[PDB]
């Protein structure tokens, strides 16, 4: 899908969705005023305004402040969303080093972790409204809401978000591993783009100044790269960072 938008971004998403689990991703985020660099659980179809419930859990690095990320739980329905934005410091800055971002989802709570340390845990409330299944996604784009992400600093493009690896665990309460309540299910070390596991976004949405396209996701040197660039300049010409 293609529009006249001058920029292209990326959205990586799992082809399958699941109910509950732990999701970890080792990554280095991208950040410039005006950008959004993320990791989120998402129930496909939530955007359908037919009275259907919205189910989503977010980790979003807003480009204007690379030293922190916003957490969020989105429930309710399209046009009538219920949110819970919170902010958490990340050191060193999200775009300066790799960190391990974790999301835990059970029937009773959602937990956010950075390098194994909890930064947020929500129990009940919106967690009870996270029904159904959710897929694991990551995207990199730029919001037209200057108040949320800051004025768009186009001069800083191109930008790249690097994903070293992803681990997904099944929710095994009381049956988990090492005493925990999660059992490792699968891991992707991104030595390749595995199309049997992931999809690449190929759409855009209002408020996004970029087209999400398949040309903005690729792998090199054990890293999955998400690119935010001007249209036609999606290729990465640098050296992949080491973790």
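Residue numbers count along the first chain shown, from 1.
If you average the C-alpha B-factors over 156-164 and over 124-132, the higher value belongs to 124-132. Comparing 207-215 with 52-60, the higher mean C-alpha B-factor in the PDB entry belongs to 52-60.
Across 67, 34, 178, 199, the greatest Cα temperature factor reported in the deposited entry is at 178. Between the residues 110, 114, 80, 140, the entry's highest C-alpha temperature factor is the one at 80. Split the chain's modelled residues into thirds by C-alpha temperature factor. Residue 99 is in the lowest one. Remark: residue 9 belongs to the lowest third of its chain, ranked by C-alpha B-factor as recorded.
Ranked by Cα temperature factor within the chain, residue 42 sits in the middle third according to the deposited record. Sort the modelled residues of the chain by CA B factor and residue 18 lands in the highest third.
Annotation for residue 190: CA B-factor lies in the lowest third of the chain's modelled residues.
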